[PDB]
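First comes the structure, then the notes that go with it.
Chains as they are written, first to last, in this note's numbering: chain S, 574 to 728; chain W, -4 to 520.
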C-alpha cells in the first residue's frame, strides 16, 4: 500500500521547513524568499501529484438520533450536523458499495425519500466503529429539516 | 500395592504376648509379641510390601538377645525368626545407647540415612519397644525428619505405638492393647505455620494444603456432608485472592473475593460444628476460629460493593484505603504504590464530578494531568507525585529510596487521604427513556455513554429528585407504572445541551425480569 507512503513523503517534506516560517526565524533558523519559494513549489508539485493519484465500511441507515450499543458493551460517540447534499452523497455511497445496512422501520419515510432524493429492514445495533445517518421531521409545510446528525461511535 | 518400612528399636524386656488392634478397626486383632510385627501383618493383609528394621545395641544383643537361658529373650528371638514366614523383611542396625549429644547426633544420622535409602512409599515409626529415652528423642525428632525429607524422598511418615499401659487385661499377663496413631500431632504445628505465614505475609500455600487435608479427614467418617463444607472451594478462593493481590486488580474483584471468603468461612464453620472422636477435633476448630479472626481483622468487608462495578464511589476509596494498609502490612510495597495512584484518580473524579468514565482510560489520563478543598487535594497530589517515580522507575539515575522513607511517604498519604475523606461529607440532570443525542438544531458534538446497573440508576435518580435539578422528560405512562412498581413528572418535551447529564432505560414484569437501569448519557460536546 504505497499512497500512505507518498503522503508521508509530502508530510515529512512540509514539516521539514514549516517551523522556520512559523517561529519567526529565531535561534538561527530563518529562510530567504528563494528557498521558501523552493519549498512552496515542492509542496505544490507533490499536492497536485497526490490529488491526481487519489482518483467504505458498513454504513447503516437510521431515522433518529440514537446510541444503541450492544447490551454487553461498557462508549464514546461523535455527532455532527449536516446539510442535505452531503446526506444524499454518502447515502448513495452506501447504496452502491453493498455496505448499507438500512434500518428504516416505517413507510412515509421512504415516501419522502423518493419524493426528495430521487430496504425497510425494521431491526433494532451500533458497534463501535460503524457509521450511520439520521433525519428528524404536506411536505411544503415541512420545508417551511432534511439531512443532518451524522453519527459515529469512536467507542 | 504400597511399599512400607517399619522402624522400631529393640530393648531388654519381657515381651509378653499382646492382642494388638488398630483403634480404628477393633475387628482385626493380631496376637503377637512385637507391635511392629502386628503392624506389618495388618499392612500385608492390605496387599502391601512391608519391611521392619530394628535398632539394637551391643549392650542389648550380645547380653540379652542371644542369652540362651533368658526365657523372655528366646521368646522374642523365636518371634523375630518366624517374622520371615509371614512375608515380611527383618533386619538389624547397630547404634550406641545415646549417652550424650554426640551419640544422639550419631543416632539422628543413622535414622536420616535409613530414610534416604528407603525407596518405598510409607515409613512408620513404631515407638512401642526400646528405651523410653529413645522413644522420647525419636518423637521429638520426627517432625524435623519430615521437614528435612519433604524435598528429598517424598515419603509418607507415620508415628504409632502400642499403648500397652492403657490396654484391657483379658487374661493373666494377656492384654488387649490399641496401636495408637499420633501422626496427627505432626501436622498440628503446620497449622500455626500457616497462621503465621498468612497473618504476616498473606501466603496461601500452607493454607490451601491444610484445608485440603482438613476436608480429607472430615470426609473420613461421612456424618458431615457437602453443600456447606466446601473447604475445596475455600482453598480455591484463597488461591484466587492471592492471585488478585500480588497481581494488582480492580477493587470490585477484591471486594467480591473478600465477601466470598467470609461467606464460605462462616458457612463451613457452622457446617463443621455438627460432627461430634476418631482424631483431634479441638485443634482444628481452634485453627478455623483463629483464621476467621485474622480474616475479619485484616480483610475489610463491604458486602454491597459489587453492585457498583462500572463507576467510582467514595466507598471504593475507603475500601482501597484499607486494602493499601493491608498491602503495606504484608510488606507488598510496590503493589501498594500502584493501587494508591488509582485511588487518587478516583478521589479527584469524585471531587470533579467526572465519575462517568471509571471504565475509560483516556479520561483517566486527561484528568490525571489537567474554595479550599481543591487546594488540599492538590496538596496531597503534589505530595504523592513528589515521590512516586522513585518506586515507579526502579531507582535508576541515583533516585532510589529505603524502606524507612517509603514508609514515611506512605503514611503521609494515609493521613492526608483519611483527612480529606472525613472532609468530603449537582447540575441540571434531565430524565430520558431511550438512547438519544438530540442536540439543538443550531449546534455543530461529542457524546459519552456508559452501561450501568439498577442501583446506581436509583441513586442518581433520587439525587436528581431532591436537588431540584431534575428535568424529567417521560412521555408515556406505563414507564411510571414500572417506576413506582420497582424503584419505590411526565413532561413530554423533546433538548440536550453540551454538558447536561441524563438517564435512560429500554425494555407482565416477571417476563421482563426474565433490563432495568443502564446507558447513562452525557454530552462532553
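For every residue, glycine included, the Cβ atom is placed at its ideal position computed from N, Cα and C.
What's the gap between the Cα of residue i and the Cα of residue j?
| i | j | result |
| --- | --- | --- |
| residue 82/W | residue 91/W | 30 Å |
| residue 213/W | residue 11/W | 37 Å |
| residue 633/S | residue 640/S | 13 Å |
| residue 249/W | residue 333/W | 15 Å |
| residue 298/W | residue 261/W | 14 Å |
| residue 273/W | residue 19/W | 7 Å |
| residue 350/W | residue 305/W | 10 Å |
| residue 660/S | residue 240/W | 53 Å |
| residue 158/W | residue 78/W | 22 Å |
| residue 140/W | residue 187/W | 18 Å |
| residue 340/W | residue 491/W | 28 Å |
| residue 30/W | residue 74/W | 11 Å |
| residue 293/W | residue 377/W | 30 Å |
| residue 68/W | residue 59/W | 6 Å |
| residue 138/W | residue 145/W | 11 Å |
| residue 709/S | residue 489/W | 12 Å |
| residue 402/W | residue 509/W | 52 Å |
| residue 705/S | residue 338/W | 38 Å |
| residue 479/W | residue 472/W | 11 Å |
| residue 164/W | residue 16/W | 14 Å |
| residue 100/W | residue 107/W | 10 Å |
| residue 456/W | residue 695/S | 32 Å |
| residue 265/W | residue 104/W | 47 Å |
| residue 129/W | residue 51/W | 11 Å |
| residue 42/W | residue 281/W | 38 Å |
Using alpha carbons as the reference points, say which of the options lies closest to residue i.
| i | options | result |
| --- | --- | --- |
| residue 85/W | 145/W, 116/W and 3/W | 3/W |
| residue 422/W | 494/W, 468/W and 152/W | 494/W |
| residue 170/W | 24/W, 126/W and 203/W | 24/W |
| residue 161/W | 242/W, 14/W, 144/W and 116/W | 14/W |
| residue 122/W | 146/W, 155/W and 321/W | 155/W |
| residue 583/S | 663/S, 691/S, 601/S and 616/S | 616/S |
| residue 150/W | 133/W, 384/W, 173/W and 116/W | 116/W |
| residue 258/W | -3/W, 223/W, 280/W and 278/W | 223/W |
| residue 523/W | 267/W, 242/W and 389/W | Since the displayed chain W opens at -4 and closes at 520, residue 523/W lies outside it and no answer follows. |
| residue 251/W | 9/W, 439/W, 301/W and 21/W | 301/W |
Just to confirm, is the Cβ distance from residue i to residue j under 7 Å?
| i | j | result |
| --- | --- | --- |
| residue 512/W | residue 447/W | yes |
| residue 638/S | residue 707/S | yes |
| residue 1/W | residue 36/W | no |
| residue 747/S | residue 635/S | This structure cannot speak to residue 747/S, because chain S is shown only from 574 to 728. |
| residue 215/W | residue 178/W | no |
| residue 246/W | residue 311/W | yes |
| residue 412/W | residue 316/W | yes |
| residue 673/S | residue 723/S | no |
| residue 253/W | residue 296/W | yes |
| residue 89/W | residue 190/W | no |
| residue 396/W | residue 410/W | no |
| residue 197/W | residue 325/W | yes |
For residue i, is the classification buried or exposed, using 16 other Cβ atoms within 10 angstroms of its Cβ as the cut-off for buried?
| i | result |
| --- | --- |
| residue 80/W | exposed |
| residue 131/W | exposed |
| residue 87/W | exposed |
| residue 387/W | exposed |
| residue 125/W | buried |
| residue 118/W | buried |
| residue 404/W | buried |
| residue 283/W | buried |
| residue 440/W | buried |
| residue 28/W | buried |
Can you give me the Cβ contacts of residue i inside the same chain, cut-off strictly under 7 Å, excluding the 5 residues immediately before and after it?
| i | result |
| --- | --- |
| residue 206/W | 226, 229 and 230 |
| residue 525/W | Residue numbering for chain W in the displayed model covers -4 to 520; residue 525/W lies beyond these limits and cannot be assessed. |
| residue 481/W | 511 |
| residue 133/W | 120 and 122 |
Give every residue of the same chain whose Cβ lies closer than 8 Å to the Cβ of residue i, excluding the five residues on either side of it in the sequence, and list them in chain order.
| i | result |
| --- | --- |
| residue 148/W | 110, 111 and 113 |
| residue 39/W | 45, 81, 82 and 83 |
| residue 256/W | 229, 232, 233, 236, 290 and 294 |
| residue 217/W | none |
| residue 276/W | 270 |
| residue 346/W | 368, 369, 372 and 419 |
| residue 184/W | 138 |
| residue 329/W | 386 |
Does the distance between the C-beta of residue i and the nearest non-hydrogen atom of the ligand COA fall short of 6 Å?
| i | result |
| --- | --- |
| residue 619/S | What this structure holds is no ligand at all, so the ligand COA is not there to describe. |
Can you list, in chain order, the residues of its chain with a C-beta nearer than 6 Å to that of residue i? Leave out the 5 residues immediately preceding and following it.
| i | result |
| --- | --- |
| residue 650/S | 640 and 726 |
| residue 588/S | none |
| residue 693/S | 677 |
| residue 642/S | 648 and 699 |
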